[PDB]
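First the structure, in the form of structure tokens, and then the observations on it.
2 protein chains.
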Amino acid sequence: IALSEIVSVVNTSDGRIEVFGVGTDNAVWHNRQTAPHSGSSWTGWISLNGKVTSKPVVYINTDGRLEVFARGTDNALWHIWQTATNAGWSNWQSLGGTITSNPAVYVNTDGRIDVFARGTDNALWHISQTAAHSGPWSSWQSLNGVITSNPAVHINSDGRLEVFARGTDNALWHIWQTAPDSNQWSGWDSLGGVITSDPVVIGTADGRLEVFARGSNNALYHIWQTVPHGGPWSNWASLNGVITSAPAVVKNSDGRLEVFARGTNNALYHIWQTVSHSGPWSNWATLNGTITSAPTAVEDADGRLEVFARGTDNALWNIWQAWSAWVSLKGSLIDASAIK
Amino acid sequence: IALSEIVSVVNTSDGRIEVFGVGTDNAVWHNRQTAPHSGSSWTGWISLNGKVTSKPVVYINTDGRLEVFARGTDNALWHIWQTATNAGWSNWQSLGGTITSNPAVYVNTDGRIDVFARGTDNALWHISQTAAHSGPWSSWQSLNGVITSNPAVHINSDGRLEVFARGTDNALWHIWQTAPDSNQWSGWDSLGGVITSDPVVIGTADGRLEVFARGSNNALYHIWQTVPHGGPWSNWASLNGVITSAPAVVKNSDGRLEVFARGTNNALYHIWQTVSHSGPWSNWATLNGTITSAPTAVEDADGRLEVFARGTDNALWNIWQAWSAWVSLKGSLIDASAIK
Ligand SMILES: C[C@@H]1O[C@H](O)[C@H](O)[C@H](O)[C@H]1O
Ligand SMILES: C[C@@H]1O[C@H](O)[C@H](O)[C@H](O)[C@H]1O
Ligand code: NA
Ligand code: NA
Ligand code: NA
Ligand code: NA
Ligand code: NA
Ligand code: NA
Ligand code: NA
Ligand code: NA
Ligand code: NA
Ligand code: NA
Ligand code: NA
Ligand code: NA
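For the record, the sequence lines run as chains A and A'. A prime marks a further copy of an entry chain. All letters in the first sequence, in the order written, are residues 29 to 350, 354 to 371 by the deposited numbering. All letters in the second sequence, in the order written, are residues 29 to 350, 354 to 371 by the deposited numbering.
Here it is, written out as structure tokens:
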């Protein structure tokens, strides 16, 4: 499994980017822009405490309250949430279970968060809010299968959640809601290939799921729905390059997809759709630096891509689509990924 | 009340703009881009039938299904919906009541559509889905007050719905959910001023509501929350000009607000934030043409603003942020606004 993303990042409901990572104390720490603009100063690192043994995953509730999901030292799923939009935090609370992957988090069309994680049986399990942005949570429920990567989840343009994960054959597999807001899940389906990273999945400007992963030759590959929220899927297509981290995907303000990954020389590289969301892909270009994690990309309140990656000093570094000079957010981050 | 918008417009879940207007037969007709790109050809006008006596208002359910709300010849609220995302339509169904305004439509954080309309008592009434993107609908319920414009609704950055309407003193009044997804509504509050148009309301890139309306001198005015999802509100500020239609507001792909209105010479004019979502406003610039409605603006799948307005031939005309030459979508539209 290619070197993981080290932070979970979100553009908050007041347009300030907030980043969540794991400190050398295995606590979750966060850092937020002081202002909703490219090149803003930062609050600096503030601890949410806890003791995590996964990548922490933040998600924005449909009422704007941030909620962080992470595996605990007891291998249960834990969460912590803002008690008001962009204000103070709850205490950590256990959602129980015994999980063996990073959590994958998405919200249903009814505002109920759904959390996916590998179980001790290596099956895909999930648990969900029983009310919009609210407990109590459901029972843990199995979607079966046997998976060998962290899962990734995205909503279809018709409101059906869809989960992607590597199988025991190293192929990309996926499973989906057959109706929004439901525990009517499909059978597992193979999209084939051989992937050597977690998959990442995004929704296109024309309402199709598209999945990115590293292949056996360490090139970036992608595959997509050929119709909105539906099969058949394309063949795998190479975006070439040689990448030494998981790829991170993000949509530009104009709908153009862009992918970030570490190269052989440990520099940050990127590749993007040109002209429009239906235009031809660029060639790889370097953004220099020396990074010791996969990059994480998010669009800021100015419509500019922002990229975060750990540096050789274990600080989190930032670069944005001006591109800007590399800037340090300081801190000391560890890779707590549950699957490496 | 300044000349109304003549169409309801939405960027659908597969990135194609769809427009809804009223034909000379008082039926609702729609027209959709063939492709998710600026300057796309159009399907041409297709009837949803019905007999409406308001502006029709389309809203996208959280599962991607379009739903149109309009007053019927019996003065009840009627609706019609897609049975699948971007596919076929239901039959018209009555939601009952007796309404005296255009409907104002928004979705709660739990995916339940809320529809607001003036009653025969000139109070603000509302009715809502009792389940995410689903009937059955609630009882009609009064929020009291006495209003003299069509209502406008927007969600706060903390998930609380907020409704704006002109009062008997010609001031801008507003009322809000004190909690998301609830019938706990606040008291009416006056934002003062004297408005001679329906208000339009939008959410800023930094999570604040901002309201635009024509003033007694026919200048464009605006007022805003000074903090995310909260008071106090700013003073009214003039954006000047002399406008002969309701203003239409839209957010650029980069968060910059932009307003469209008809000028004294019946040309389309616009004014925009420069530099960023926190930058200084431009001066008014003409986009020429001769329009016989207020304009309606929406962002397309290429991140470009698209504007629609009725022409002197009663066709719907289109111009986009290339700016492009004016292009006719043909058809023959009427202003069915319930308040003129
Ligand atoms: C604006 C343009 O956008 C591309 O997607 C890429 O990030 C380029 O480096 C940038 O200059
Ligand atoms: C790109 C730029 O955006 C502005 O908001 C305005 O629409 C201008 O006319 C356009 O040229
Ligand atoms: Na990262
Ligand atoms: Na937020
Ligand atoms: Na920055
Ligand atoms: Na939620
Ligand atoms: Na759903
Ligand atoms: Na920002
Ligand atoms: Na219009
Ligand atoms: Na749609
Ligand atoms: Na167009
Ligand atoms: Na809905
Ligand atoms: Na709500
Ligand atoms: Na479009």
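No residue lacks a Cβ here, since even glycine has one placed at the ideal position from N, Cα and C.
Let me know if residue i comes out buried or exposed under the rule of 16 or more other beta-carbons within 10 Å of its beta-carbon.
i                       : result
residue 91 of chain A   : buried
residue 255 of chain A' : exposed
residue 43 of chain A'  : buried
residue 173 of chain A' : buried
residue 40 of chain A'  : buried
residue 353 of chain A  : Coordinates for residue 353 of chain A are absent; the numbering of chain A skips from 350 straight to 354.
residue 235 of chain A  : buried
residue 260 of chain A' : exposed
residue 244 of chain A' : exposed
residue 116 of chain A' : exposed
residue 206 of chain A  : exposed
residue 137 of chain A  : buried
residue 208 of chain A  : buried
Tell me which residue opens and which closes the beta strand (DSSP E) that residue i is part of.
i                       : result
residue 110 of chain A  : First-last for residue 110 of chain A: undefined, no H or E at that position.
residue 162 of chain A' : 162–165
residue 258 of chain A' : 258–261
residue 299 of chain A' : 296–300
residue 142 of chain A' : 141–146
residue 157 of chain A' : 152–159
residue 79 of chain A   : That residue, residue 79 of chain A, is in no beta strand (DSSP E); it is neither H nor E in DSSP.
residue 254 of chain A' : 248–255
residue 242 of chain A' : 237–242
residue 45 of chain A   : 45–51
residue 328 of chain A  : From DSSP, residue 328 of chain A is part of no beta strand (DSSP E); its letter is neither H nor E.
residue 59 of chain A   : 56–60
residue 197 of chain A' : Segment: none, residue 197 of chain A' is in no beta strand (DSSP E) and carries neither H nor E.
residue 36 of chain A'  : 36–39
residue 314 of chain A  : 313–316
residue 234 of chain A  : Per DSSP, residue 234 of chain A belongs to no beta strand (DSSP E) and is neither H nor E.
residue 347 of chain A' : 344–348
Does the distance from the CB of residue i to the CB of residue j come in under 8 Å?
i                       : j                       : result
residue 233 of chain A' : residue 187 of chain A' : no
residue 47 of chain A   : residue 56 of chain A   : no
residue 262 of chain A' : residue 241 of chain A' : no
residue 195 of chain A  : residue 176 of chain A  : yes
residue 229 of chain A' : residue 239 of chain A' : yes
residue 338 of chain A' : residue 321 of chain A' : yes
residue 329 of chain A' : residue 64 of chain A'  : yes
residue 351 of chain A' : residue 294 of chain A' : Since the model of chain A' includes 350 and then 354 but nothing between them, residue 351 of chain A' has no atomic positions to report.
residue 392 of chain A' : residue 112 of chain A' : Given that chain A' is displayed from residue 29 to residue 371, the structure contains no residue 392 of chain A' and the question cannot be resolved.
residue 104 of chain A' : residue 78 of chain A'  : no
residue 210 of chain A' : residue 179 of chain A' : no
residue 352 of chain A  : residue 110 of chain A  : No coordinates exist for residue 352 of chain A in the structure shown, because the numbering of chain A passes directly from 350 to 354.
residue 35 of chain A   : residue 45 of chain A   : no
Keeping to the same chain, check which residues put their C-beta closer than 7 Å to that of residue i; ignore five residues upstream and five downstream.
i                       : result
residue 72 of chain A   : 59
residue 69 of chain A'  : 62
residue 340 of chain A' : 318 and 320
Can you find the residues in the same chain that come closer than 6 Å, C-beta to C-beta, to residue i, ignoring five residues on each side of it along the sequence?
i                       : result
residue 155 of chain A' : 123, 143, 165, 166 and 168
residue 312 of chain A  : 269, 297 and 299
residue 99 of chain A'  : 81, 82, 127 and 369
residue 75 of chain A'  : 55 and 57
residue 347 of chain A' : 315, 335 and 357
residue 251 of chain A  : 219, 239, 261, 262 and 264
residue 97 of chain A   : 85, 107, 131, 133 and 143
I'd like the list of long-range same chain contacts for residue i, defined as Cβ closer than 8 Å, with 5 residues on each side in sequence excluded.
i                       : result
residue 204 of chain A  : 184, 188, 189, 190, 191, 213 and 214
residue 327 of chain A  : 39, 278, 279, 280, 281, 333 and 334
residue 158 of chain A  : 140, 164, 165 and 166
residue 237 of chain A' : 182, 184, 190, 229, 230, 231, 252, 253 and 257
residue 307 of chain A' : 284 and 301
Which residues, in order along the segment 152–166 of chain A, keep a beta-carbon less than 7 Å from a beta-carbon of chain A'?
160 and 161
Counting only Cβ-Cβ distances shorter than 7 Å, please list the residues of the segment 220–252 of chain A' near chain A, keeping chain order.
233, 234 and 235
Listed in chain order, which residues of the segment 53–87 of chain A' have Cβ atoms closer than 9 Å to some Cβ of chain A?
63, 64, 65 and 66
Can you give me, in chain order, the residues of the segment 31–49 of chain A that have a beta carbon less than 7 Å from any beta carbon in chain A'?
41, 42 and 43
Listed from N- to C-terminal order along the chain, which residues in the segment 106–117 of chain A have their beta-carbon within a distance smaller than 8 Å of any beta-carbon of chain A'?
Listed by position, the residues of the segment 106–117 of chain A near chain A' (Cβ gap below 8 Å) are 112, 113 and 114.
Interface positions of the segment 298–310 of chain A' facing chain A (Cβ-Cβ less than 8 Å), listed along the chain
304, 305 and 306
Beta carbons nearer than 7 Å to chain A: which residues of the segment 255–284 of chain A' have them?
256, 257, 281, 282 and 283
Return the residues of the segment 181–197 of chain A' that lie within a Cβ-Cβ distance of less than 7 Å from chain A, sorted by chain order.
185, 186 and 187
At a CB distance below 9 Å, what residues from the segment 86–102 of chain A approach chain A'? Give them in sequence order.
89, 90, 91, 92 and 93
Taking beta-carbon pairs under 7 Å, can you tell me which members of the segment 197–209 of chain A lie near chain A'?
208 and 209
Chain A' contacts made by the segment 138–151 of chain A, where a contact means CB separation under 8 Å:
138 and 139
Residues in the segment 325–348 of chain A with C-beta within 7 Å of chain A''s C-beta atoms, listed in sequence order?
Cβ contacts with chain A': 329, 330 and 331.
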